[PDB]
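S.K.: Got an experimental structure here, sequence first:
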There are 2 protein chains.
Amino acid sequence: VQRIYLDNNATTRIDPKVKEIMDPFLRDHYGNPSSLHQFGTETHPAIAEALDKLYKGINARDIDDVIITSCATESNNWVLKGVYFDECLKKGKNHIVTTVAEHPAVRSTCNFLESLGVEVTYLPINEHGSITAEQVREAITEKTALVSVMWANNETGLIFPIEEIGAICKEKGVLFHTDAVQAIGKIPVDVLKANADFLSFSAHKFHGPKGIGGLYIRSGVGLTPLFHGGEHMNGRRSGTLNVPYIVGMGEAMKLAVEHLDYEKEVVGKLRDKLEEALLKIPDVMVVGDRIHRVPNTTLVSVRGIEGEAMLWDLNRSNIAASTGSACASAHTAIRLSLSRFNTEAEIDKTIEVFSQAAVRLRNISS
Amino acid sequence: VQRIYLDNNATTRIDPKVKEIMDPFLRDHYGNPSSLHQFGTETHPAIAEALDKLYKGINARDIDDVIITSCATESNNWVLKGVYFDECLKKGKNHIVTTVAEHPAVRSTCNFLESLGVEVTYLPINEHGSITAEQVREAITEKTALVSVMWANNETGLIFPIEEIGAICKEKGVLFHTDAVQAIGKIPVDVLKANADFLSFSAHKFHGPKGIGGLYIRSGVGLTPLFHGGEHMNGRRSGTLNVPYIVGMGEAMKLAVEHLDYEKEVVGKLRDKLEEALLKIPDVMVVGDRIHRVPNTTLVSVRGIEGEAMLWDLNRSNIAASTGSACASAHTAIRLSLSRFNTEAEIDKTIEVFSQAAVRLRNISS
Ligand SMILES: Cc1ncc(COP(=O)(O)O)c(CN[C@@H](C)C(=O)O)c1O
Ligand SMILES: Cc1ncc(COP(=O)(O)O)c(CN[C@@H](C)C(=O)O)c1O
Ligand SMILES: [Cl-]
Ligand SMILES: [Cl-]
């Protein structure tokens, strides 16, 4: 059996170099880095190289922190609730502005904060598919504690006017956070260009293991810890370090940025090949803008066929893709998200199987 | 080089069967369980067997939840802060009772809760080395939201009068939580005998990977989530599942309980061998009770030699142990904590190296 994985915005395959670099810390070098003997200290070099790969991966400065978390969801919860106790409760700024397209890790936590009496403006999405950057400008009152905007959307792949919103947040003097999970590995990420005080990212989206993530914190920005115990990570996130996953996530970061040119020149080209081959068929239109998109994702709608149906028939031919709410009723569309491991042959066969399914389910609808 | 690891209360070695069972989910079966295609569903059986190994490992019922967390520190933070928003803020019960020997993951979070205006009684430790169970009885006011007591101490190995305290907490109708990290693998753990509403445990203490843990929640007990997003784990802890670490932690639980008789009949006997061989030398006395201790840990003090000194000289001979504050100034003592992989030969050589060091540093003190 030869199956084709086109759902890399749900999770990615661990790169062999990553599993490679992780194995020894699951095998013989199992010491706790917080220990003082050679079993602990023995682990510090590889840890430092990992963190340096991260700093250099997002262009963070040695003055800043790149705290290692359990996942991007922990990073988002820690940002929202931390700036809640920090600014909303203890500085009055009882307002947070974000988008309606944020991951449930953001939207749901902001919903909890509304439950705590916080006023939140969820910025409406336009027809182009992204935020204007001026929506936040007209949105920032004088009691906004934070602006949170994802770097790129997980369903549509649409990049957002970050860097611009970073400049606006610097101007009005307000905290800036970006869920950058779908940006790492796809497009370059610069915390300094973005004027971001907080940045989130999850490892299993650039071919690292699930269950580890990272939160970037600019120098001087305070964030009341989500994990108390105050021993690890300058006290900001307690708990024994996931040494293996840390190392492998450093290597996953490195390999991810070393394939950026490959991601746009090759992976994006296969995206254009598949997508363009797919809209040559009756009633199918891509959801959202096509120009400012991450190279690897396309989200297309189909005739009078729900997304889950094409997911089922595609699954029966061993091709994996997700759904994605689209335009209006929702109706659910197909999200196909490539990676650096897919080939053109897989793409041709995905167009074959796709068209066969389209006329199959489309004909059976009568 | 042959080095001897006697710091299993800091972390343990991943059992080969665990790395074995984990490998495929780092290799070919990398799908996100939240996905609907065969890559996601393909992972559900091994996940279910893992969770069943956990439930059966702590004698939890199918009605209860055993939520998978990032570590025991996340579990403790989630318990304290969750019952804070649940009971202290929204039921007035602005009081929490715990011990002074709790892990910093507990004590530090309770310190944060005091910062939020919560009254906390940190129960004093006695000369026997444990809590009375009646200390909580005389401590439970009518506005206590929760009692938190570790099952066994990480520095001394002393088991605590759990089950008794569980009965007291059932009587006065108050929430009961136990940090059971040092109990798993060492002694049997029964949530039903303990009348515990919340139980914490970390995986890397029974030969699983660092960076995954578990929190047991009795049926009907509400706990406002620390991770919002509400997709995973009945919504109580969002974030993509650490499929590999979940599987391996299930197997680590299983193998841990299948070696309980070996842990007491063999590992405890090697503990008694080393410890008894060690107090035959001048001014050294074990810290705390010797009867009700986990089979694997001993904490001994030495003459006029700080603990860190013996740690250094032992490290130079490639033997790993930790410290542990003891009695009075502190002075710091030696914590040696065994595992199921140590042999008698290692113990004899640890007594040799130990005595040589004792007279070495002891003589140089003049
Ligand atoms: C009782 C107890 N609870 C919780 C923890 C922390 O577990 P995590 O790192 O997975 O959150 C520990 C670690 N102890 C080690 C640090 C020691 O005592 O040396 C512990 O002994
Ligand atoms: C932008 C973004 N942030 C955060 C997350 C969650 O990451 P963790 O599970 O490591 O916390 C995701 C996952 N997306 C997947 C679920 C999807 O869109 O299908 C995401 O796309
Ligand atoms: Cl918090
Ligand atoms: Cl909370």
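M.R.: Happy to help now that I have it. Numbers count the residues shown, from 1 in each chain, chains lettered A, B, ... in the order given. Ligands and ions are numbered 1, 2, ... in the order given.
S.K.: C-alpha only now, for contacts and for neighbours.
M.R.: OK.
S.K.: As a check, name the ranges of all strands in chain A.
M.R.: All strands of chain A, identified by DSSP state E, fall at A:4-5, A:65-69, A:95-99, A:119-123, A:144-148, A:175-179, A:198-202, A:213-217, A:284-286, A:297-302, A:319-320, A:322-324, A:333-337.
S.K.: Take those and write them to TSV, including mean neighbour count and distance to ligand 1.
M.R.: Formatted as TSV, these follow (neighbours: other CA atoms under 10 Å in any protein chain shown; distance: least, CA to the nearest ligand atom, whole Å):
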stretch	mean neighbour count	distance to ligand 1
strand A:4-5	22	33
strand A:65-69	23	12
strand A:95-99	24	31
strand A:119-123	18	33
strand A:144-148	25	29
strand A:175-179	25	25
strand A:198-202	27	20
strand A:213-217	25	16
strand A:284-286	17	45
strand A:297-302	24	36
strand A:319-320	26	35
strand A:322-324	23	34
strand A:333-337	27	34
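S.K.: Could I get those in TSV, plus columns for distance to residue A:272?
M.R.: Formatted as TSV, those follow (distance: least, CA to CA, whole Å):
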stretch	distance to residue A:272
strand A:4-5	17
strand A:65-69	35
strand A:95-99	28
strand A:119-123	30
strand A:144-148	30
strand A:175-179	26
strand A:198-202	26
strand A:213-217	30
strand A:284-286	11
strand A:297-302	9
strand A:319-320	18
strand A:322-324	18
strand A:333-337	12
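S.K.: who wins for proximity to residue B:258 among those?
M.R.: strand A:65-69 (32.3 Å; CA to CA).
S.K.: That closest one pairs with which strands?
M.R.: strand A:213-217 (antiparallel) (DSSP bridges).
S.K.: before we move on, the earlier item: among the strands of chain A, which is nearest residue B:39?
M.R.: Nearest of the strands of chain A (CA to CA): strand A:319-320, 7.4 Å.
S.K.: ok, and does that closest one reach over to chain B?
M.R.: Yes: using CA under 8 Å from any CA of the partner chain, strand A:319-320 reaches chain B at residue A:320.
S.K.: and if you look at stretch A:24-35?
M.R.: Yes: judged by CA under 8 Å from any CA, stretch A:24-35 comes into contact with chain B at A:26-28, A:30-32, A:35.
S.K.: which among the residues you listed gets closest to residue A:158?
M.R.: Nearest to residue A:158 among the residues of stretch A:24-35 next to chain B, with distances taken as CA to CA, is residue A:26, at 37.6 Å.
S.K.: Count the residues that sit near the closest one.
M.R.: When neighbours are defined as other CA atoms under 10 Å in any protein chain shown, residue A:26 has 21 of them.
S.K.: Could I get the contacting residues of it?
M.R.: Residues near residue A:26 by CA atoms under 8 Å, 6 or more residues apart in numbering or on different chains: A:244, B:14, B:19, B:209.
S.K.: Tell me the one among those residues nearest to ligand 2.
M.R.: Distances from ligand 2 to those, taken as CA to the nearest ligand atom, are shortest for residue A:244 (16.4 Å).
S.K.: my guess is the closest one meets residue A:19, correct?
M.R.: No: at 9.1 Å, residue A:244 does not count as touching residue A:19 under the criterion of CA atoms under 8 Å.
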